[PDB]
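**Student:** To be precise about what I am sending: the file is called query_2.cif and holds mmCIF, C-alpha atoms and all ligand atoms.
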```cif
data_my_file
#
loop_
_atom_site.label_atom_id
_atom_site.label_comp_id
_atom_site.auth_asym_id
_atom_site.auth_seq_id
_atom_site.Cartn_x
_atom_site.Cartn_y
_atom_site.Cartn_z
CA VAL W 118 0.00 0.00 0.00
CA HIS W 119 2.85 2.39 0.80
CA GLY W 120 4.81 1.31 -2.27
CA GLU W 121 6.41 -1.67 -3.97
CA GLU W 122 9.86 -0.19 -3.37
CA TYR W 123 8.99 0.35 0.30
CA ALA W 124 7.84 -3.25 0.66
CA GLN W 125 10.99 -4.53 -1.05
CA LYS W 126 13.21 -2.43 1.23
CA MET W 127 11.36 -3.65 4.32
CA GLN W 128 11.66 -7.31 3.29
CA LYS W 129 15.32 -7.19 2.25
CA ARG W 130 17.59 -7.98 5.19
CA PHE W 131 21.03 -8.93 3.80
CA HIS W 132 23.23 -7.37 1.14
CA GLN W 133 24.79 -10.75 0.32
CA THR W 134 22.29 -13.60 -0.04
CA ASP W 135 24.73 -16.53 -0.21
CA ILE W 136 24.25 -17.16 3.54
CA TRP W 137 21.03 -18.35 5.19
CA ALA W 138 20.44 -16.89 8.66
CA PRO W 139 16.89 -17.65 9.81
CA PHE W 140 15.45 -15.17 12.28
CA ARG W 141 14.97 -16.54 15.80
CA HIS W 142 13.99 -14.73 18.98
CA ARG W 143 16.14 -17.25 20.86
CA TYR W 144 18.15 -20.39 20.12
CA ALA W 145 17.28 -23.75 21.65
CA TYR W 146 19.81 -25.11 24.14
CA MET W 147 18.32 -27.98 26.14
CA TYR W 148 18.17 -31.51 24.71
CA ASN W 149 20.83 -30.83 22.07
CA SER W 150 18.88 -27.80 20.80
CA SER W 151 15.54 -29.59 20.62
CA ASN W 152 12.11 -29.44 22.26
CA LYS W 153 11.07 -32.32 24.51
CA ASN W 154 7.47 -31.17 25.03
CA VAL W 155 5.89 -30.02 21.75
CA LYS W 156 2.57 -29.39 23.48
CA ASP W 157 0.71 -26.95 25.68
CA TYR W 158 1.28 -26.92 29.43
CA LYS W 159 -2.13 -28.50 30.01
CA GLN W 160 -1.33 -31.31 27.57
CA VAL W 161 2.12 -31.81 29.09
CA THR W 162 0.57 -32.21 32.54
CA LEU W 163 -2.37 -34.40 31.55
CA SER W 164 -0.82 -36.71 28.95
CA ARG W 165 1.32 -38.34 31.65
CA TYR W 166 -1.85 -39.70 33.31
CA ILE W 167 -4.67 -39.56 30.72
CA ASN W 168 -4.98 -41.57 27.52
CA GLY W 169 -5.75 -40.05 24.14
CA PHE W 170 -3.15 -37.27 24.11
CA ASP W 171 -0.46 -39.42 22.48
CA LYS W 172 -1.05 -40.03 18.78
CA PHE W 173 1.04 -43.19 18.31
CA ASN W 174 3.39 -42.03 15.55
CA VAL W 175 3.26 -45.57 14.19
CA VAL B 2 12.53 -89.15 62.88
CA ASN B 3 12.27 -85.49 63.91
CA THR B 4 12.66 -83.83 60.51
CA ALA B 5 12.68 -80.34 62.00
CA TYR B 6 14.31 -77.30 60.44
CA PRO B 7 17.95 -76.50 61.21
CA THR B 8 18.31 -74.10 64.12
CA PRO B 9 19.86 -71.23 62.09
CA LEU B 10 17.18 -71.44 59.40
CA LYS B 11 14.38 -71.62 61.97
CA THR B 12 15.75 -68.53 63.73
CA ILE B 13 16.08 -66.65 60.43
CA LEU B 14 12.53 -67.50 59.34
CA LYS B 15 11.03 -65.36 62.12
CA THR B 16 11.53 -62.12 60.16
CA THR B 17 10.41 -63.59 56.83
CA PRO B 18 6.74 -62.46 57.01
CA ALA B 19 7.98 -58.87 57.20
CA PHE B 20 9.95 -59.50 54.00
CA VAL B 21 6.84 -60.94 52.34
CA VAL B 22 4.73 -57.92 53.31
CA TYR B 23 7.45 -55.59 52.06
CA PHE B 24 7.53 -57.43 48.74
CA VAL B 25 3.73 -57.20 48.46
CA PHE B 26 3.77 -53.44 49.03
CA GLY B 27 6.78 -52.87 46.79
CA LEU B 28 5.30 -54.86 43.92
CA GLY B 29 2.06 -52.93 44.35
CA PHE B 30 3.89 -49.60 44.20
CA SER B 31 6.01 -50.59 41.20
CA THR B 32 3.02 -52.00 39.30
CA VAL B 33 0.98 -48.87 40.01
CA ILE B 34 3.76 -46.67 38.65
CA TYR B 35 4.18 -48.94 35.63
CA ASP B 36 0.46 -48.90 34.83
CA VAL B 37 0.10 -45.15 35.38
CA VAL B 38 2.95 -44.44 32.95
CA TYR B 39 1.87 -47.23 30.57
CA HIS B 40 -1.81 -46.43 30.04
CA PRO B 41 -1.46 -42.93 28.48
CA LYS B 42 1.15 -44.07 25.94
CA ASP B 43 0.01 -47.71 25.58
CA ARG B 44 3.67 -48.59 26.22
CA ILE B 45 6.70 -47.65 28.31
CA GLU B 46 8.07 -44.93 26.03
CA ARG B 47 11.80 -44.39 26.28
CA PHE B 48 12.85 -41.08 27.80
CA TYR B 49 13.30 -38.31 25.26
CA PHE B 50 16.88 -37.59 26.34
CA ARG B 51 17.75 -41.30 26.04
CA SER B 52 17.75 -41.01 22.25
CA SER B 53 19.88 -39.79 19.37
CA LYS B 54 19.39 -36.39 17.77
CA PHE B 55 17.88 -37.93 14.63
CA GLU B 56 15.61 -40.17 16.71
CA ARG B 57 14.42 -37.17 18.73
CA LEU B 58 13.65 -35.24 15.54
CA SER B 59 11.74 -38.17 14.04
CA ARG B 60 9.76 -38.70 17.25
CA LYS B 61 8.76 -35.03 17.61
CA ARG B 62 8.16 -34.28 13.91
CA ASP B 63 4.56 -35.49 14.03
CA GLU B 64 3.77 -33.54 17.21
CA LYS B 65 5.25 -30.38 15.71
CA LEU B 66 3.25 -30.85 12.51
CA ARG B 67 -0.04 -31.47 14.34
CA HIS B 68 0.34 -28.68 16.91
CA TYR B 69 2.17 -25.84 15.12
CA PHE B 70 2.47 -26.35 11.36
CA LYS B 71 -1.23 -26.89 10.68
CA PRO B 72 -2.49 -23.90 12.71
CA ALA B 73 0.31 -21.80 11.21
CA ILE B 74 -0.64 -22.69 7.63
CA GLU B 75 -4.41 -22.47 8.22
CA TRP B 76 -4.11 -19.24 10.21
CA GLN B 77 -6.66 -16.50 9.57
CA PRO B 78 -6.69 -12.99 11.05
CA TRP B 79 -9.95 -13.75 12.86
CA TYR B 80 -8.97 -17.18 14.22
CA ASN B 81 -6.94 -15.75 17.10
CA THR B 82 -8.83 -15.30 20.35
CA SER B 83 -9.36 -11.67 21.35
CA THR B 84 -8.47 -12.53 24.96
CA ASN B 85 -4.82 -13.24 24.02
CA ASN B 86 -5.15 -16.80 25.39
CA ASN B 87 -3.16 -18.24 22.50
CA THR B 88 -0.73 -21.15 22.50
CA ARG B 89 2.73 -20.31 23.80
CA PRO B 90 5.74 -20.27 21.45
CA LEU B 91 7.56 -23.56 21.04
CA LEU B 92 10.77 -21.80 22.13
CA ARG B 93 9.49 -19.32 24.70
CA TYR B 94 11.22 -15.94 24.65
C1 LIG W 201 -21.09 -50.76 48.01
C2 LIG W 201 -22.30 -50.23 47.20
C3 LIG W 201 -21.91 -49.89 45.74
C4 LIG W 201 -20.84 -48.76 45.66
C5 LIG W 201 -20.56 -48.35 44.19
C6 LIG W 201 -19.47 -47.23 44.13
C7 LIG W 201 -19.24 -46.72 42.68
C8 LIG W 201 -18.74 -47.84 41.72
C9 LIG W 201 -18.31 -47.26 40.34
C10 LIG W 201 -19.48 -46.56 39.60
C11 LIG W 201 -19.06 -45.97 38.23
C12 LIG W 201 -18.60 -47.07 37.24
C13 LIG W 201 -18.35 -46.48 35.83
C14 LIG W 201 -17.92 -47.59 34.85
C15 LIG W 201 -17.84 -47.06 33.40
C16 LIG W 201 -16.76 -45.98 33.19
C17 LIG W 201 -15.36 -46.57 33.47
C18 LIG W 201 -14.20 -45.62 33.05
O1 LIG W 201 -14.35 -44.46 32.92
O2 LIG W 201 -12.95 -46.26 32.83
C19 LIG W 201 -12.53 -46.24 31.47
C20 LIG W 201 -11.03 -45.96 31.44
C21 LIG W 201 -10.50 -45.85 30.02
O3 LIG W 201 -11.18 -46.80 29.19
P1 LIG W 201 -10.24 -47.99 28.52
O4 LIG W 201 -9.03 -47.36 27.86
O5 LIG W 201 -11.15 -48.86 27.68
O6 LIG W 201 -9.76 -48.89 29.83
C22 LIG W 201 -9.00 -50.09 29.61
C23 LIG W 201 -7.72 -50.03 30.49
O7 LIG W 201 -7.55 -48.74 31.00
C24 LIG W 201 -6.47 -50.44 29.67
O8 LIG W 201 -5.41 -50.69 30.58
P2 LIG W 201 -3.86 -50.91 30.01
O9 LIG W 201 -3.83 -52.15 29.14
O10 LIG W 201 -3.36 -49.61 29.43
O11 LIG W 201 -3.01 -51.25 31.41
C25 LIG W 201 -2.89 -50.21 32.35
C26 LIG W 201 -3.98 -50.35 33.42
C27 LIG W 201 -3.88 -51.73 34.02
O12 LIG W 201 -3.67 -51.59 35.42
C28 LIG W 201 -4.78 -51.99 36.23
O13 LIG W 201 -5.62 -51.25 36.59
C29 LIG W 201 -4.76 -53.50 36.60
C30 LIG W 201 -4.39 -53.71 38.10
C31 LIG W 201 -3.02 -53.00 38.44
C32 LIG W 201 -2.44 -53.53 39.79
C33 LIG W 201 -3.42 -53.31 40.99
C34 LIG W 201 -2.78 -53.89 42.30
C35 LIG W 201 -3.72 -53.67 43.53
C36 LIG W 201 -3.13 -54.34 44.82
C37 LIG W 201 -1.67 -53.87 45.09
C38 LIG W 201 -1.21 -54.28 46.52
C39 LIG W 201 -1.90 -53.41 47.61
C40 LIG W 201 -1.35 -53.75 49.02
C41 LIG W 201 -1.79 -52.70 50.07
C42 LIG W 201 -3.33 -52.52 50.21
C43 LIG W 201 -4.05 -53.77 50.80
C44 LIG W 201 -4.56 -54.75 49.71
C45 LIG W 201 -5.34 -55.92 50.36
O14 LIG W 201 -3.71 -49.47 34.47
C46 LIG W 201 -3.99 -48.09 34.27
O15 LIG W 201 -4.50 -47.69 33.28
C47 LIG W 201 -3.59 -47.14 35.43
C48 LIG W 201 -4.60 -47.33 36.59
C49 LIG W 201 -3.87 -47.43 37.97
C50 LIG W 201 -4.91 -47.72 39.10
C51 LIG W 201 -4.32 -47.39 40.51
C52 LIG W 201 -4.00 -48.69 41.33
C53 LIG W 201 -5.29 -49.51 41.65
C54 LIG W 201 -5.22 -50.10 43.08
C55 LIG W 201 -5.49 -49.01 44.14
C56 LIG W 201 -4.96 -49.43 45.53
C57 LIG W 201 -5.22 -48.30 46.57
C58 LIG W 201 -4.36 -48.48 47.85
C59 LIG W 201 -4.74 -49.77 48.64
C60 LIG W 201 -6.15 -49.67 49.31
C61 LIG W 201 -6.32 -50.81 50.36
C62 LIG W 201 -7.71 -50.77 51.04
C63 LIG W 201 -7.77 -51.85 52.15
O16 LIG W 201 -10.47 -47.11 32.00
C64 LIG W 201 -9.50 -46.97 33.04
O17 LIG W 201 -8.85 -45.99 33.16
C65 LIG W 201 -9.34 -48.18 34.00
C66 LIG W 201 -8.77 -47.75 35.38
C67 LIG W 201 -8.70 -48.99 36.32
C68 LIG W 201 -8.14 -48.58 37.71
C69 LIG W 201 -8.03 -49.79 38.67
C70 LIG W 201 -9.44 -50.31 39.10
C71 LIG W 201 -9.34 -51.53 40.04
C72 LIG W 201 -8.72 -52.76 39.32
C73 LIG W 201 -8.81 -54.06 40.18
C74 LIG W 201 -8.01 -53.95 41.53
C75 LIG W 201 -8.92 -53.53 42.72
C76 LIG W 201 -8.13 -53.60 44.07
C77 LIG W 201 -9.07 -53.35 45.29
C78 LIG W 201 -8.32 -53.60 46.62
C79 LIG W 201 -9.30 -53.51 47.82
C80 LIG W 201 -8.60 -53.90 49.15
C81 LIG W 201 -9.64 -53.90 50.30
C1 LIG W 202 -12.54 -45.27 55.37
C2 LIG W 202 -12.47 -45.09 53.85
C3 LIG W 202 -11.16 -45.62 53.29
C4 LIG W 202 -11.02 -45.29 51.80
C5 LIG W 202 -9.76 -45.94 51.22
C6 LIG W 202 -9.50 -45.50 49.76
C7 LIG W 202 -8.00 -45.34 49.49
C8 LIG W 202 -7.72 -44.51 48.22
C9 LIG W 202 -8.06 -45.28 46.93
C10 LIG W 202 -7.75 -44.41 45.69
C11 LIG W 202 -7.73 -45.23 44.39
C12 LIG W 202 -9.13 -45.70 43.98
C13 LIG W 202 -9.13 -46.11 42.50
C14 LIG W 202 -10.54 -46.44 42.02
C15 LIG W 202 -10.64 -46.49 40.49
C16 LIG W 202 -10.45 -45.10 39.84
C17 LIG W 202 -10.75 -45.21 38.33
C18 LIG W 202 -10.64 -43.85 37.64
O1 LIG W 202 -10.52 -42.85 38.24
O2 LIG W 202 -10.71 -43.86 36.21
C19 LIG W 202 -9.62 -43.27 35.56
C20 LIG W 202 -10.06 -42.97 34.14
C21 LIG W 202 -8.88 -42.86 33.18
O3 LIG W 202 -9.36 -43.17 31.88
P1 LIG W 202 -8.67 -42.45 30.56
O4 LIG W 202 -7.25 -42.07 30.91
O5 LIG W 202 -8.90 -43.30 29.33
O6 LIG W 202 -9.57 -41.06 30.46
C22 LIG W 202 -9.51 -40.28 29.30
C23 LIG W 202 -10.72 -40.65 28.44
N1 LIG W 202 -10.93 -39.88 27.22
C24 LIG W 202 -9.77 -40.00 26.35
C25 LIG W 202 -12.09 -40.39 26.51
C26 LIG W 202 -11.14 -38.49 27.53
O7 LIG W 202 -10.71 -41.73 34.15
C27 LIG W 202 -12.10 -41.71 33.93
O8 LIG W 202 -12.77 -42.67 34.00
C28 LIG W 202 -12.70 -40.33 33.61
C29 LIG W 202 -13.64 -39.81 34.71
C30 LIG W 202 -12.90 -39.62 36.04
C31 LIG W 202 -13.87 -39.14 37.12
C32 LIG W 202 -13.18 -38.89 38.47
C33 LIG W 202 -12.70 -40.19 39.13
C34 LIG W 202 -12.30 -39.95 40.60
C35 LIG W 202 -12.13 -41.27 41.38
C36 LIG W 202 -12.11 -41.02 42.91
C37 LIG W 202 -12.19 -42.35 43.71
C38 LIG W 202 -12.40 -42.07 45.22
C39 LIG W 202 -12.73 -43.36 46.01
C40 LIG W 202 -13.16 -43.04 47.45
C41 LIG W 202 -13.65 -44.30 48.18
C42 LIG W 202 -14.23 -43.95 49.55
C43 LIG W 202 -14.79 -45.18 50.24
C44 LIG W 202 -15.43 -44.80 51.57
#
```
Would you mind writing the structure in this file as structure tokens?
Ligand SMILES: CCCCCCCCCCCCCCCCCC(=O)OC[C@H](COP(=O)([O-])OCC(O)COP(=O)([O-])OC[C@@H](COC(=O)CCCCCCCCCCCCCCCCC)OC(=O)CCCCCCCCCCCCCCCCC)OC(=O)CCCCCCCCCCCCCCCCC
Ligand SMILES: CCCCCCCCCCCCCCCCCC(=O)OC[C@H](COP(=O)([O-])OCC[N+](C)(C)C)OC(=O)CCCCCCCCCCCCCCCCC
**Tutor:**
Amino acid sequence: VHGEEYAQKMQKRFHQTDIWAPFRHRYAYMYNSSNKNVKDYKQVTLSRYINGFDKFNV
Amino acid sequence: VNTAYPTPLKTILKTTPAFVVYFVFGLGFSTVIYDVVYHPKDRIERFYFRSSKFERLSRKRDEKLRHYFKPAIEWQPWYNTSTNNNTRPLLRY
């Protein structure tokens, strides 16, 4: 709406594009930079005692 | 023919009922823990940290896809709740 040039300038982030640097608010550290609990807090609490939360990836 | 127990064994056997009761209670406790952790997963799932990096990624790929990717790709401006009670970021900042 402001301008195609304005949008292009806003989106461009690097002068040299040969390097890929994804934007992250923070970098994972625990569990070898992984997430153990990919769930909500409620799911994390309940799934340890209630059936149906685990989807049996087989 | 007095086929009685040896004296040392007979003396030792006095405390055996306490051992039996301890085993009963301990088996009960262990079985309760096993069943509580077994029912939700239908198995005794190995701990997440007891796994290779690739194994961890493969295990959690499906959960990531079902919980984050699909809402992210089906997102609409009017899907978000106005109360700001949205799901927390996967890596909280
Ligand atoms: C009098 C007038 C009338 C009054 C009426 C009152 C009201 C009546 C009820 C009314 C409502 C009925 C509604 C029915 C329909 C809805 C049902 C529903 O929602 O469930 C569906 C829901 C899900 O549906 P589903 O997926 O199809 O279910 C299939 C299975 O879940 C699939 O299972 P799985 O293959 O995944 O295997 C796992 C499963 C398999 O695990 C099992 O449940 C099997 C048994 C495990 C071992 C139990 C060992 C017990 C003894 C240990 C040693 C104790 C010593 C110390 C005490 C002294 C003992 C003399 O275990 C679990 O899932 C985890 C449950 C853990 C239960 C906790 C331990 C139970 C014992 C508690 C002891 C308490 C301390 C001692 C008290 C002493 C008092 C003197 O099912 C369940 O979650 C089932 C839960 C079962 C819990 C155990 C129930 C008792 C089992 C028999 C043992 C009884 C011992 C009594 C001792 C007494 C001593 C005096
Ligand atoms: C002087 C009195 C002495 C009293 C001694 C009593 C000692 C304490 C005993 C505690 C253990 C009792 C276990 C009984 C079986 C419980 C089964 C169960 O909860 O189902 C789980 C099951 C687990 O099944 P699930 O995990 O598949 O549930 C999820 C189901 N979907 C996926 C569909 C959503 O849960 C349910 O059935 C759901 C409804 C639960 C409703 C709340 C249950 C509370 C039970 C309280 C029992 C209190 C007994 C008090 C007796 C007093 C006598 C005077």
**Student:** For range 31-87 of chain B against range 9-27 of chain B, with a cut-off of 10 Å and counting all atoms listed in the file, what is the closest atom pair and its distance in Å to one decimal for every residue that makes the cut, ordered by chain and number, as a Markdown table?
**Tutor:**
```
| residue | atom | partner | partner_atom | distance |
| --- | --- | --- | --- | --- |
| B:31 | CA | B:27 | CA | 6.1 |
| B:32 | CA | B:27 | CA | 8.4 |
| B:33 | CA | B:27 | CA | 9.8 |
```
**Student:** Enclose the full set of atoms of range 38-46 of chain B listed in the file within a box whose edges lie along x, y and z, apply 5 Å of padding to each of the six sides, and report centre and edge lengths in Å to one decimal as JSON.
**Tutor:**
```
{"center_x": 3.1, "center_y": -45.8, "center_z": 29.3, "size_x": 19.9, "size_y": 15.7, "size_z": 17.4}
```
**Student:** Take CA of residue 155 in chain W and CA of residue 68 in chain B and report the distance between them in Å, one decimal.
**Tutor:**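 Value for the CA of residue 155 in chain W-CA of residue 68 in chain B distance: 7.5 Å.
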**Student:** With 10 Å as the limit and counting all atoms listed in the file, what residues in chain W lie close to chain B? Please list them as a PDB file with C-alpha atoms, in the coordinates of the input.
**Tutor:**
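selection-v4.pdb, freshly written:
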```pdb
ATOM      1  CA  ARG W 141      14.970 -16.540  15.800  1.00  0.00           C
ATOM      2  CA  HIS W 142      13.990 -14.730  18.980  1.00  0.00           C
ATOM      3  CA  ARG W 143      16.140 -17.250  20.860  1.00  0.00           C
ATOM      4  CA  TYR W 144      18.150 -20.390  20.120  1.00  0.00           C
ATOM      5  CA  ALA W 145      17.280 -23.750  21.650  1.00  0.00           C
ATOM      6  CA  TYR W 146      19.810 -25.110  24.140  1.00  0.00           C
ATOM      7  CA  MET W 147      18.320 -27.980  26.140  1.00  0.00           C
ATOM      8  CA  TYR W 148      18.170 -31.510  24.710  1.00  0.00           C
ATOM      9  CA  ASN W 149      20.830 -30.830  22.070  1.00  0.00           C
ATOM     10  CA  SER W 150      18.880 -27.800  20.800  1.00  0.00           C
ATOM     11  CA  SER W 151      15.540 -29.590  20.620  1.00  0.00           C
ATOM     12  CA  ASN W 152      12.110 -29.440  22.260  1.00  0.00           C
ATOM     13  CA  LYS W 153      11.070 -32.320  24.510  1.00  0.00           C
ATOM     14  CA  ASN W 154       7.470 -31.170  25.030  1.00  0.00           C
ATOM     15  CA  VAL W 155       5.890 -30.020  21.750  1.00  0.00           C
ATOM     16  CA  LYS W 156       2.570 -29.390  23.480  1.00  0.00           C
ATOM     17  CA  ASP W 157       0.710 -26.950  25.680  1.00  0.00           C
ATOM     18  CA  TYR W 158       1.280 -26.920  29.430  1.00  0.00           C
ATOM     19  CA  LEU W 163      -2.370 -34.400  31.550  1.00  0.00           C
ATOM     20  CA  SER W 164      -0.820 -36.710  28.950  1.00  0.00           C
ATOM     21  CA  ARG W 165       1.320 -38.340  31.650  1.00  0.00           C
ATOM     22  CA  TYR W 166      -1.850 -39.700  33.310  1.00  0.00           C
ATOM     23  CA  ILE W 167      -4.670 -39.560  30.720  1.00  0.00           C
ATOM     24  CA  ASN W 168      -4.980 -41.570  27.520  1.00  0.00           C
ATOM     25  CA  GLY W 169      -5.750 -40.050  24.140  1.00  0.00           C
ATOM     26  CA  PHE W 170      -3.150 -37.270  24.110  1.00  0.00           C
ATOM     27  CA  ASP W 171      -0.460 -39.420  22.480  1.00  0.00           C
ATOM     28  CA  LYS W 172      -1.050 -40.030  18.780  1.00  0.00           C
ATOM     29  CA  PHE W 173       1.040 -43.190  18.310  1.00  0.00           C
ATOM     30  CA  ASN W 174       3.390 -42.030  15.550  1.00  0.00           C
ATOM     31  CA  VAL W 175       3.260 -45.570  14.190  1.00  0.00           C
TER      32      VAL W 175
END
```
**Student:** Between atom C49 of ligand LIG 201 (chain W) and CA of residue 30 in chain B, what distance in Å does the model show, to one decimal?
**Tutor:**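 Interatomic distance here is 10.2 Å.
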**Student:** Could you state the separation of atom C28 of ligand LIG 202 (chain W) and CA of residue 85 in chain B in Å, given to one decimal place?
**Tutor:**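 Computed distance, atom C28 of ligand LIG 202 (chain W) to CA of residue 85 in chain B, equals 29.8 Å.
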**Student:** Quick one: of B:47, B:76, B:84, B:29, who's nearest to ligand LIG 201 (chain W), counting only C-alpha atoms and all ligand atoms?
**Tutor:**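 Among B:47, B:76, B:84, B:29, it is B:29 that comes nearest to ligand LIG 201 (chain W).
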